[PDB]
There are 4 protein chains.
Amino acid sequence: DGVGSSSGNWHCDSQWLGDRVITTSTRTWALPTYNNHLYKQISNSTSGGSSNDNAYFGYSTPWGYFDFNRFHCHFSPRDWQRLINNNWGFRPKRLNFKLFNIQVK
Amino acid sequence: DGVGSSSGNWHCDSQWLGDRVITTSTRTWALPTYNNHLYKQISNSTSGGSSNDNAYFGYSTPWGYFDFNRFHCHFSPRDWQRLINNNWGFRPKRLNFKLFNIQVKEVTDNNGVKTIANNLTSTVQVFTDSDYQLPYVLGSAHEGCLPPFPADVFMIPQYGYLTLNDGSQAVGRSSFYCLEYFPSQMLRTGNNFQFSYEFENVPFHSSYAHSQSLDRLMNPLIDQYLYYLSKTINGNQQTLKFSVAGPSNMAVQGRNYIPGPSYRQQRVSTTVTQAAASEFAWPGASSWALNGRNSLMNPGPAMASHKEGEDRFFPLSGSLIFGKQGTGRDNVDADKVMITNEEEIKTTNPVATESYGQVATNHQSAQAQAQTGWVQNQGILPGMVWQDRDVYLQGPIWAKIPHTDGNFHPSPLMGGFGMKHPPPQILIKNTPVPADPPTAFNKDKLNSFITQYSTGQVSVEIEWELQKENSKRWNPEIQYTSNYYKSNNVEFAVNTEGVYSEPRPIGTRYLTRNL
Amino acid sequence: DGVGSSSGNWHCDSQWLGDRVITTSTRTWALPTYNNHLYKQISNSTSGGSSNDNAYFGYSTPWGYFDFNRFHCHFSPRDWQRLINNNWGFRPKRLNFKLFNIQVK
Amino acid sequence: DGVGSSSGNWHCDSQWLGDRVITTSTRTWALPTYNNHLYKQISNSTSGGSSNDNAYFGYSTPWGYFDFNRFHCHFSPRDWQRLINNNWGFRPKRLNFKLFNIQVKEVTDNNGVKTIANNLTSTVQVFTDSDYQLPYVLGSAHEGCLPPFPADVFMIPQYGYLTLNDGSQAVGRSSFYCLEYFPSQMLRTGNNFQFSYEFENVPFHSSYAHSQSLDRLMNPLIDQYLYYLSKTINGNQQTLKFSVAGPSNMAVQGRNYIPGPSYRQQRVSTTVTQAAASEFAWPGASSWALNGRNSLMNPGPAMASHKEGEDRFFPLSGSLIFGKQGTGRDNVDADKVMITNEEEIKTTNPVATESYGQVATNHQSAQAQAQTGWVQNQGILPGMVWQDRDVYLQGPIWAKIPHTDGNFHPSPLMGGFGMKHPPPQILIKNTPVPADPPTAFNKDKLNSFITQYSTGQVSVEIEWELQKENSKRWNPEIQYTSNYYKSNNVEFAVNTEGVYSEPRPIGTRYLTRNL
């Protein structure tokens, strides 16, 4: 939209329906410049590794990534307690993801 | 909207309709960063407290909150004078609240010099506790409300709350609340926030003083058809004598209703050149105990401050005490504070510094003389009538009724309107803006942030319902009025240094009506 | 109905809906003859009482009565645990009562 | 209905349609009072158990239950012979169950003599665990099923269950179930009970024996286009030689599929006049451990009982052992039991008393000779094929698949059809009838009851789907047949004392099909 208008609101809550629970979590993030905008070949030689079992070859990218693959990223301790004390099972169904209020310094 | 467009106008006025008055007030606020964006556990150990009665456990939040729970936040002195001189009662009806003209600033310090600049992309978060899921701190007479003078710029108070405590420690039942676990609107400089609230039905506040006393409701010209025991001994043979209760002996007449409850307070005199037996401020105070902790009975049940002609006396903790402009925080003299009094309710309520009455304590006989005992505290009895504590221009407006199984007459003891669902808490916080992070990933939470604060305007509009007076009284009533006599400054105005002051507390009970 | 036909079934279960829980309990009872079909005046004199504070006067009837004024008559321990761990409050709404399979010996 | 009207008829017949056979069986049952109407906590301490491996904790209920989880409860020997000689497979489809002609009796003892009379007003309670909320005990080969002979009257077994145990003690996770906490129908002498059940989709049972072996699926006339290492040394220089795998060397030919898993069992011989090193029944048995308790691997994975011509050998616990009619409970001779064998699956499954194979255990070199090790237990590998354990006329029909996150090929190891939702447990109990209570109220539960038992008829109808054989085999098949040679008694008939006996276990695998 514009410089002076927020592009999203803070949504962080849990909604408990009959057979469904909807968890929403919002966090503030910071993203630096990685590898000074470069791709770099990496290996156990570059990191000083010696053992065969820990040898590797790969690349480090200037990109970051968002990870929310831990349960506490979505469930508060009270919500987790409710889930574990009141249900025989659970599974994820669908996902909604948002990035907003971008600020570059 | 945009950076260069205002998101709201300055609305500050009072509109007087027939049975309604609408008050609108706008103020400029400043919001700093609290606790450096952190939640902190607090207790009497962290503050150095030692006494059991003052022990606590709680949390301090990085959020601020808006408070307008004082009458002078909405009524000018002239509007208050009109309300109290022309109405028998009033009550809030509905609320409109607005936040606009958000301005977020960044502060940079190089060496002993700070530079302030706009941060147009930063946001401020605001939400209302409409479901009352957070501890309610607006029910206490805390500072930080909107200033009575519209030109004053005020600082938003920091939000904190207390939970169950055992000394300086917590228990398993103690609750921790994260305010980021609530949906909140994020506002840049172009955005605004607003919501509407409807007050639940409350009784009209008694802005009148009774023109009759509870013990003088009879016809002063006609005898009763009831008899009272007038004599027991003939001059130790028992000779019962009965007489008609009439105008000559009003004290013994039968009555249908009795004065309200009491909880006696120690009597303190403001007269200079007086001696005291010892330090009795805490030792001589009336108090109630909860889970082994003693809390001062303050202000306690609504009782008459003093008997007729005894204005020099006030209950030790039974009256609201306001501080004059510029008064210090600790150990100020009596002339630096304003002691309110409730003498208007002496017609129905017992005197705070006197016993409720006398009750028989034995069975009289030829061998034992009749004995009576003083009633220092008297609970509710059928047939009791009483008046609640008066409200003041600088006093509180409402309070949240605690969510309990039972309560009786939940009018706030400090004065005002008790509501199960009062105006919701409005919480505001500056969104943290991290400084430059390291170029290598670190899993720890960021602790380096850009120094920021925010400012803007806040508007609150409240519609009040009025109860007009229909008195048939012939002689003129008592009215609140300014004194014409010359003075260096105008009351309820600014000084030569621009300091606004409220020289006296103003009640609401000047008009009269029958009992 | 008849001698050889049951007049009711054994219903004992708890049904948990969203905002409501329905408890059903069935018990087997035995009813003897009380006071040999007579009404009898009773008092602390008949029972040998002496203290003023415990003096009384009344009547004993040949009738029995059904009482289910205790929570465990309707809630199993597990149902009680669910109720107390998952709800801020509860109250009774309506009642259904049945007597059946009468057998006189 | 009424006292003098039957609530059902005797239905016992088998109907053979084209692809379906419907079996109906009716039996007369007797139900006593169990535990004197009480629930009782039971454990190895109450029964005097000492070993850790046999420790348990559970409850015994006053309820009985109906069990028809054996094939002879539905199939007569002639019907079983038809099924096994004319079909390549079968599976249950749907179920019909009926209880009728309820008769409740009261027993009174005066002095050494008991009198039995009808109690027309008493009730019997029946319900089905359709939601599978109770522990499932029908998945174990327990006694108490409907008798194979329709004329036999049987006693309803008492229902009991086990929960988590630590020695003879329970833990917090242990569960206690009250069967009166379930809705149940109450039946007088005029009432009847019935319900229908649909079997979930299950694979057809393999009622055939393979006419080919897994290692002999190639063309015996044509060479493969693949080579194998035929020689390593030239007569210690390494000289690799390769040869075509053909009919002359079938053992080294490449194959696409391999025999199924194995869990080796100790080999025991039934031949008389044999010596044993020591008592190896428990010490030499294969077993699996769970939470520190050792349980016998019985019958374990489906494996061939013995190699060709070695019928005298049987796995220590890898085969179902049935008892002959009149056989005792403890320490009976071999001639008093019937040892089943699974020789038909030797074409795809490994021998129970032999290693699965040999695997290399080192790297051969000029200094180290190639080494191999025996594989006593082999898990599932890709390309494996196997046959499940055969079912028998007197063997179990189905079992409940345990409610777990994962399972592999949940065919019951004792034979039959594995189902997540098997036929529900049918529980029955006599309603307690209190004796004369005291004329003065006593709050204790009544412990004096009229001695009662109940009897009636039970009918179960099961529809079975058939898989017909479409073989092109020219020579006649092997068929189950009775022996014409004269004998004192007819097999599968009654003796001179009216005792019905099953002289041998009957499998299902007589017809053949290619692999």
# chains A, B, ... in the order shown; residues from 1 in each chain; ligands from 1
>>> interface_residues(of="chain C", to="chain D", cutoff="12 Å", atoms="only C-alpha atoms", output="PyMOL selection string")
chain C and resi 1-15+23-37+60+62-65+73-79+100-105
>>> residues_around(residues="range 40-47 of chain C", least_positions_apart="4", cutoff="8 Å", atoms="only C-alpha atoms", output="PyMOL selection string")
chain C and resi 35+54-61
>>> select_by_dssp(residues="range 17-75 of chain A", states="strand (DSSP E)", output="short mmCIF file (atom, residue, chain, number, x, y, z; two decimals) with N, CA and C atoms, in the first residue's frame")
data_model
loop_
_atom_site.label_atom_id
_atom_site.label_comp_id
_atom_site.auth_asym_id
_atom_site.auth_seq_id
_atom_site.Cartn_x
_atom_site.Cartn_y
_atom_site.Cartn_z
N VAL A 21 -9.40 -27.05 16.56
CA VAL A 21 -8.75 -25.94 17.26
C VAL A 21 -7.89 -25.19 16.25
N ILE A 22 -8.04 -23.87 16.21
CA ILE A 22 -7.31 -23.02 15.28
C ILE A 22 -6.32 -22.19 16.08
N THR A 23 -5.03 -22.37 15.79
CA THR A 23 -3.97 -21.64 16.46
C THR A 23 -3.39 -20.58 15.53
N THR A 24 -3.26 -19.37 16.05
CA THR A 24 -2.66 -18.26 15.32
C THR A 24 -1.54 -17.66 16.17
N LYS A 40 28.38 -19.44 -1.36
CA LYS A 40 29.70 -19.94 -1.01
C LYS A 40 29.68 -21.45 -0.90
N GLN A 41 30.63 -22.09 -1.58
CA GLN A 41 30.83 -23.53 -1.42
C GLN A 41 31.40 -23.82 -0.04
N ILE A 42 30.80 -24.77 0.67
CA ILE A 42 31.24 -25.14 2.01
C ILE A 42 31.48 -26.64 2.05
N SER A 43 32.36 -27.04 2.97
CA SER A 43 32.71 -28.44 3.15
C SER A 43 33.40 -28.58 4.50
N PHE A 57 29.75 -31.82 1.84
CA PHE A 57 29.93 -30.82 0.79
C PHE A 57 28.59 -30.16 0.53
N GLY A 58 28.59 -28.84 0.41
CA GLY A 58 27.36 -28.12 0.19
C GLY A 58 27.60 -26.66 -0.10
N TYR A 59 26.53 -25.88 0.00
CA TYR A 59 26.59 -24.46 -0.30
C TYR A 59 25.82 -23.68 0.75
N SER A 60 26.33 -22.51 1.10
CA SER A 60 25.63 -21.57 1.97
C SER A 60 25.08 -20.44 1.11
#
>>> select_by_dssp(residues="chain A", states="alpha helix (DSSP H)", output="list in words")
residues 77, 78, 79, 80, 81, 82, 83, 84, 85 and 86 of chain A
>>> residues_around(residues="residue 176 in chain B", least_positions_apart="4", cutoff="12 Å", atoms="only C-alpha atoms", output="JSON, numbers by chain")
{"A": [76, 77, 78], "B": [39, 40, 41, 42, 57, 58, 59, 60, 61, 133, 134, 135, 160, 161, 162, 163, 164, 170, 171, 172, 181]}
>>> write_last_selection(atoms="N, CA and C atoms", output="PDB file, in the first residue's frame")
ATOM      1  N   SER A  76       0.221 -22.429  23.087  1.00  0.00           N
ATOM      2  CA  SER A  76       0.633 -21.983  24.404  1.00  0.00           C
ATOM      3  C   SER A  76       0.618 -23.169  25.365  1.00  0.00           C
ATOM      4  N   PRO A  77       1.329 -23.070  26.494  1.00  0.00           N
ATOM      5  CA  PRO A  77       1.294 -24.180  27.463  1.00  0.00           C
ATOM      6  C   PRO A  77      -0.108 -24.544  27.920  1.00  0.00           C
ATOM      7  N   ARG A  78      -0.984 -23.556  28.120  1.00  0.00           N
ATOM      8  CA  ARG A  78      -2.360 -23.857  28.512  1.00  0.00           C
ATOM      9  C   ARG A  78      -3.123 -24.551  27.388  1.00  0.00           C
TER      10      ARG A  78
ATOM     11  N   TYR B  39       8.804  -8.614  29.442  1.00  0.00           N
ATOM     12  CA  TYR B  39       7.983  -8.914  30.604  1.00  0.00           C
ATOM     13  C   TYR B  39       8.892  -9.276  31.769  1.00  0.00           C
ATOM     14  N   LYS B  40       8.586  -8.735  32.944  1.00  0.00           N
ATOM     15  CA  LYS B  40       9.431  -8.944  34.113  1.00  0.00           C
ATOM     16  C   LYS B  40       8.586  -9.366  35.301  1.00  0.00           C
ATOM     17  N   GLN B  41       8.995 -10.452  35.949  1.00  0.00           N
ATOM     18  CA  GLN B  41       8.380 -10.858  37.204  1.00  0.00           C
ATOM     19  C   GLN B  41       8.760  -9.877  38.304  1.00  0.00           C
ATOM     20  N   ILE B  42       7.761  -9.408  39.051  1.00  0.00           N
ATOM     21  CA  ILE B  42       7.977  -8.452  40.126  1.00  0.00           C
ATOM     22  C   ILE B  42       7.356  -8.995  41.404  1.00  0.00           C
ATOM     23  N   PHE B  57       3.061 -10.514  44.419  1.00  0.00           N
ATOM     24  CA  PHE B  57       3.713 -11.158  43.288  1.00  0.00           C
ATOM     25  C   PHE B  57       2.946 -10.795  42.028  1.00  0.00           C
ATOM     26  N   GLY B  58       3.670 -10.452  40.974  1.00  0.00           N
ATOM     27  CA  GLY B  58       3.025 -10.064  39.742  1.00  0.00           C
ATOM     28  C   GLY B  58       4.021  -9.888  38.622  1.00  0.00           C
ATOM     29  N   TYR B  59       3.560  -9.242  37.554  1.00  0.00           N
ATOM     30  CA  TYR B  59       4.377  -9.029  36.368  1.00  0.00           C
ATOM     31  C   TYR B  59       4.200  -7.606  35.868  1.00  0.00           C
ATOM     32  N   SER B  60       5.287  -7.027  35.372  1.00  0.00           N
ATOM     33  CA  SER B  60       5.253  -5.736  34.701  1.00  0.00           C
ATOM     34  C   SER B  60       5.379  -5.966  33.202  1.00  0.00           C
ATOM     35  N   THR B  61       4.492  -5.350  32.435  1.00  0.00           N
ATOM     36  CA  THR B  61       4.410  -5.564  31.002  1.00  0.00           C
ATOM     37  C   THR B  61       4.993  -4.381  30.240  1.00  0.00           C
ATOM     38  N   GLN B 133     -10.519 -10.540  29.861  1.00  0.00           N
ATOM     39  CA  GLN B 133      -9.668 -11.699  30.100  1.00  0.00           C
ATOM     40  C   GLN B 133      -8.381 -11.354  30.839  1.00  0.00           C
ATOM     41  N   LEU B 134      -8.105 -10.076  31.059  1.00  0.00           N
ATOM     42  CA  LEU B 134      -6.917  -9.619  31.761  1.00  0.00           C
ATOM     43  C   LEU B 134      -7.289  -8.995  33.098  1.00  0.00           C
ATOM     44  N   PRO B 135      -6.367  -8.983  34.061  1.00  0.00           N
ATOM     45  CA  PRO B 135      -6.651  -8.320  35.341  1.00  0.00           C
ATOM     46  C   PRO B 135      -7.015  -6.858  35.130  1.00  0.00           C
ATOM     47  N   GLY B 160       0.572  -3.037  34.617  1.00  0.00           N
ATOM     48  CA  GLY B 160       1.049  -4.139  35.423  1.00  0.00           C
ATOM     49  C   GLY B 160      -0.110  -4.773  36.167  1.00  0.00           C
ATOM     50  N   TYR B 161       0.118  -6.001  36.628  1.00  0.00           N
ATOM     51  CA  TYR B 161      -0.931  -6.744  37.309  1.00  0.00           C
ATOM     52  C   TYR B 161      -0.317  -7.643  38.370  1.00  0.00           C
ATOM     53  N   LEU B 162      -1.157  -8.045  39.321  1.00  0.00           N
ATOM     54  CA  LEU B 162      -0.754  -8.896  40.428  1.00  0.00           C
ATOM     55  C   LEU B 162      -1.549 -10.193  40.398  1.00  0.00           C
ATOM     56  N   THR B 163      -0.926 -11.261  40.890  1.00  0.00           N
ATOM     57  CA  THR B 163      -1.582 -12.558  40.993  1.00  0.00           C
ATOM     58  C   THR B 163      -1.422 -13.106  42.405  1.00  0.00           C
ATOM     59  N   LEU B 164      -1.806 -14.363  42.618  1.00  0.00           N
ATOM     60  CA  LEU B 164      -1.719 -14.955  43.946  1.00  0.00           C
ATOM     61  C   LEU B 164      -0.267 -15.051  44.398  1.00  0.00           C
ATOM     62  N   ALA B 170       5.349 -17.249  44.335  1.00  0.00           N
ATOM     63  CA  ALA B 170       4.090 -17.564  43.679  1.00  0.00           C
ATOM     64  C   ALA B 170       3.653 -18.984  44.023  1.00  0.00           C
ATOM     65  N   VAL B 171       2.418 -19.304  43.646  1.00  0.00           N
ATOM     66  CA  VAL B 171       1.854 -20.631  43.837  1.00  0.00           C
ATOM     67  C   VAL B 171       1.438 -21.180  42.477  1.00  0.00           C
ATOM     68  N   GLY B 172       1.055 -22.457  42.467  1.00  0.00           N
ATOM     69  CA  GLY B 172       0.636 -23.085  41.225  1.00  0.00           C
ATOM     70  C   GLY B 172      -0.600 -22.448  40.619  1.00  0.00           C
ATOM     71  N   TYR B 181      -0.486 -12.395  23.223  1.00  0.00           N
ATOM     72  CA  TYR B 181      -1.378 -13.502  22.917  1.00  0.00           C
ATOM     73  C   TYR B 181      -2.801 -13.030  22.638  1.00  0.00           C
TER      74      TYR B 181
END
>>> residues_around(residues="range 80-85 of chain A", least_positions_apart="5", cutoff="10 Å", atoms="only C-alpha atoms", output="VMD selection string")
(chain A and resid 16 21 71 to 72 74 to 75 90) or (chain C and resid 82 85 to 86)
>>> write_last_selection(atoms="N, CA and C atoms", output="PDB file, in the first residue's frame")
ATOM      1  N   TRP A  16     -11.051 -22.621  20.082  1.00  0.00           N
ATOM      2  CA  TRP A  16     -11.392 -24.015  20.340  1.00  0.00           C
ATOM      3  C   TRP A  16     -12.845 -24.258  19.947  1.00  0.00           C
ATOM      4  N   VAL A  21      -9.400 -27.046  16.564  1.00  0.00           N
ATOM      5  CA  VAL A  21      -8.754 -25.939  17.257  1.00  0.00           C
ATOM      6  C   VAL A  21      -7.895 -25.188  16.250  1.00  0.00           C
ATOM      7  N   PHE A  71       6.003 -27.397  18.015  1.00  0.00           N
ATOM      8  CA  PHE A  71       4.636 -27.253  18.511  1.00  0.00           C
ATOM      9  C   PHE A  71       4.461 -25.984  19.336  1.00  0.00           C
ATOM     10  N   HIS A  72       5.481 -25.596  20.104  1.00  0.00           N
ATOM     11  CA  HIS A  72       5.346 -24.401  20.931  1.00  0.00           C
ATOM     12  C   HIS A  72       5.284 -23.118  20.114  1.00  0.00           C
ATOM     13  N   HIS A  74       3.032 -22.639  18.017  1.00  0.00           N
ATOM     14  CA  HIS A  74       1.607 -22.461  17.785  1.00  0.00           C
ATOM     15  C   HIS A  74       0.751 -22.658  19.026  1.00  0.00           C
ATOM     16  N   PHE A  75       1.146 -23.541  19.938  1.00  0.00           N
ATOM     17  CA  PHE A  75       0.371 -23.852  21.131  1.00  0.00           C
ATOM     18  C   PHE A  75       1.013 -23.198  22.345  1.00  0.00           C
ATOM     19  N   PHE A  90      -4.853 -35.784  17.429  1.00  0.00           N
ATOM     20  CA  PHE A  90      -4.927 -34.529  16.694  1.00  0.00           C
ATOM     21  C   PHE A  90      -4.021 -34.618  15.477  1.00  0.00           C
TER      22      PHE A  90
ATOM     23  N   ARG C  82     -13.683 -34.712  34.272  1.00  0.00           N
ATOM     24  CA  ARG C  82     -13.866 -33.929  33.051  1.00  0.00           C
ATOM     25  C   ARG C  82     -14.590 -32.619  33.344  1.00  0.00           C
ATOM     26  N   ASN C  85     -12.284 -30.214  35.359  1.00  0.00           N
ATOM     27  CA  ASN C  85     -11.079 -29.774  34.670  1.00  0.00           C
ATOM     28  C   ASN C  85     -11.365 -28.991  33.396  1.00  0.00           C
ATOM     29  N   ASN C  86     -12.596 -29.026  32.880  1.00  0.00           N
ATOM     30  CA  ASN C  86     -12.877 -28.397  31.597  1.00  0.00           C
ATOM     31  C   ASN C  86     -13.951 -27.317  31.629  1.00  0.00           C
TER      32      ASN C  86
END
>>> residues_around(residues="residue 9 in chain D", least_positions_apart="4", cutoff="12 Å", atoms="only C-alpha atoms", output="JSON, numbers by chain")
{"D": [5, 25, 26, 27, 28, 98, 99, 100, 101, 192, 456, 457, 458, 459]}
>>> residues_around(residues="residue 221 in chain D", least_positions_apart="5", cutoff="12 Å", atoms="only C-alpha atoms", output="count of residues only")
6
